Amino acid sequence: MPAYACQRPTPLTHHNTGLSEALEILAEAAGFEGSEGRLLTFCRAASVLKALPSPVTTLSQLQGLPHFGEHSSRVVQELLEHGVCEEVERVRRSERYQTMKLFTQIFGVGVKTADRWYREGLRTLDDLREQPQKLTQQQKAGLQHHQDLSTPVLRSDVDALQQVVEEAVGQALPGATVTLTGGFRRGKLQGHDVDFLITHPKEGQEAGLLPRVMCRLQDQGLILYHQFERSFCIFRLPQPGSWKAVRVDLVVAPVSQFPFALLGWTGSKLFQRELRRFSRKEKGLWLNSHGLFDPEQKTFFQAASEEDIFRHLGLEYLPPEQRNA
């Protein structure tokens, strides 16, 4: 079991679901308290369990697994012994966890904003609504549409959205392409949003594309909210006899950078963080969604594929459905 998540296949469904979900509760809680280091360790330990070929049944099976020290092991131990971990349950019940979770789930609200509101005594969504003076227009959108946005996006939702995005993209720039990314590209059956990557086979033609796409989407009455090369929108998605609000992210990249952007936006989030960490610390190369940079030779690696990028980094290729760290 290698120490970086990008070094091992991590399937979407696995054999330690309960254990990983408990550790991810502690990761989340760590983030609510600003402790990014602890969040990372708990996320990594959870991911290690996702990568195992069978259930963890005894404590000794944790020996020699990366990212399992005294704390994470004790969490697993209690779950194995009693089916629950007191620390985890304590977090679950806490007013702090529940309110920070509720608040950060709002589009436009991050840990810093949630925390401030919490300290001001705010607890509920109606607490925010009954004082819209303090809200940004983004937060007002997030709050108005919160119920719909809390509803899982389904695969059938995605196909319908892709068609309408392709339609607008097609008028905006003939020959431009739309690629499904994010969680659904990794095989997820549900999602919190739909993520699309847009490019054109002729380098440079993609310049200026996103405002033209956005203009045409808005013209068809499909945009409930939007604010460039990235756009975080709320779409009006038809439903039987009605509609619902759905979060949709659009990203444009030149075709030269397409593999890097495909890699970066397909995730998982932890997978990308680990991959970038691996790149910098183990290979001395700087990776982002634009490219891979050798800071010694002052050169960018050209990639024609995600496979190229894994090869560059000396990693075995992992298809998207094995990047579910």
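Rigid core: the largest C-alpha set superposing within 1.5 Å between the two forms. Residue positions are given as counts along the sequence shown, with the first one as 1.
The stretch that strays farther, by root mean square C-alpha distance over structures and residues in 8 other deposited structures of this protein after a rigid core fit, is 207-215, when 207-215 is set against 246-254. Remark: when the other structures in 8 other deposited structures of this protein are fitted onto this one via the rigid core, 168-176 deviates more than the alternative among 100-108 and 168-176, judged by RMS CA distance. Unmodelled deposited residues between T151 and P152: none, per the record.
Comparing 20-28 with 297-305, the stretch with the higher mean C-alpha B-factor in the PDB entry is 297-305. Higher average CA B factor: 208-216, of the stretches 195-203 and 208-216. Listed residues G182, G108, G221, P174 were ranked by CA B-factor as deposited; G221 comes out on top. The PDB entry assigns the greatest CA B-factor among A51, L59, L287, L39 to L59. Per the PDB record, residue ranking by Cα B-factor puts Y97 in the middle third of the chain.
Annotation for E282: CA B-factor lies in the middle third of the chain's modelled residues.
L65: CA B factor lies in the highest third for its chain, per the PDB record. Sort the modelled residues of the chain by CA B factor and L125 lands in the highest third.
Per the deposited record, the Cα B-factor of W117 falls in the highest third when ranked against the other modelled residues of its chain.
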